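In the structure tokens that follow, the same protein chain appears in two forms, which are kept apart as structure 1 and structure 2.
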Structure 1
């Protein structure tokens, strides 16, 4: 019932897109911090339906490793989405280029990523753009999956549909997305998590594109793990990566079997 600025002090722009902006807002009376996605509803004709879907999906989310959705408001043709603020920023900025991060930190983060992704898959949601730039850290360095702008429901009441839409970010996309006209959602998300783990352990992406026409991807398929990034990765997490970055999605490891992996369950001294 009050103009936005009267209840909220805007502190900083967290990010911007064709969508609009994401801002850090502090409540003037409670002093609580919130991220606010701001969407100009007049940009593009598909804006109402896309934001309807995103709001619905965000209403489904309730997990400690997924950005929480507090609610939505609209002023004129401006739509606000109020979201949990993650003051630690992007997981991307914890990855030292060509180095990565200490193996116990990468294991902890990977545990939290797996918890969030398997939660999403359990309720039938696929995120479809998992990468370190979309994985945020709260003030205690707990990981949170963020930005469900590309997400959709692939399964409900044990009825699953195959996806066909080309989306994501090439270094993180699974090869079947390039090769097949239709594909299951869950192996695609598992593949992108494996790329994220590679980046955390080695500080670099293994290939620009998951294609035979990419030399580094062919090297991986030829098991040339004396090359970077694999040379930087201890053999236990590398064995996990060998099970995840499997080209054939029907032979790719699932998350239940990732939970049984030896490195995944190894206590790591910091």
Structure 2
């Protein structure tokens, strides 16, 4: 019944977005540390209903590789979302530009990413904006899928919904999102995970946009893998990427089969 600021000390700005801010908050009596996403519902006409949907999706989630939702408050136009504080920051900041990261680290992050995406898809949720900026790390560098503001239900009461809305981030979106009027949700998340893995192993994104207009994408379809970023990627993970970054979503590898992939299961040393 008392104000947010009387219970919570904002200690640190963690991130700044167009529609909200994320603060590290410390409870003034408990001293427990929390991430609070502060959202001014004045900044968009349908933000009230968009943030309500984000909260309803968050309340369905409970997995070690998904940022945990603790609750929410409203104070006038302000919505507070309390989330698991991820001390380790963004996966994005572990990706050295043009370099990437050690293959064992990339593999480990990929394992954890798959675990979270499998969980989400199992409860019928698609994230729709998977990228290193939305994959956070806890104090033990465990990966946690973050930000469900673009997430939606693709399976409900055992019936699948095809998607028809364009959203996400252009270097990470699957080509069917640019070309088809309707598309299945799961292969889109699979595709973006493959871009994430490409970024982890090479430190760069392969194309602006998986368009016929984009030469980098056409060179990939012609498997000119002597070019960058592919030449930086060992043939074993590259064989997996060849199975993920497949244009036709009906032929694209599914996660159950990613789990059977040689590199996925290859023991790696430092």
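Residue numbers count along the first chain shown, from 1. By rigid core we mean the largest C-alpha set that fits within 1.5 Å across both forms.
A 2 Å or larger CA shift between structure 1 and structure 2, after fitting on the rigid core, occurs at just one of 43, 224, 232, 242, namely 43. Shown is the Cα shift of residue 32 between structure 1 and structure 2 after rigid core superposition, which amounts to 1.3 Å. For residue 16, the CA shift between structure 1 and structure 2 after superposing the rigid core equals 2.1 Å. Fit the two forms on the rigid core and the C-alpha of residue 211 turns out 0.7 Å off between structure 1 and structure 2.
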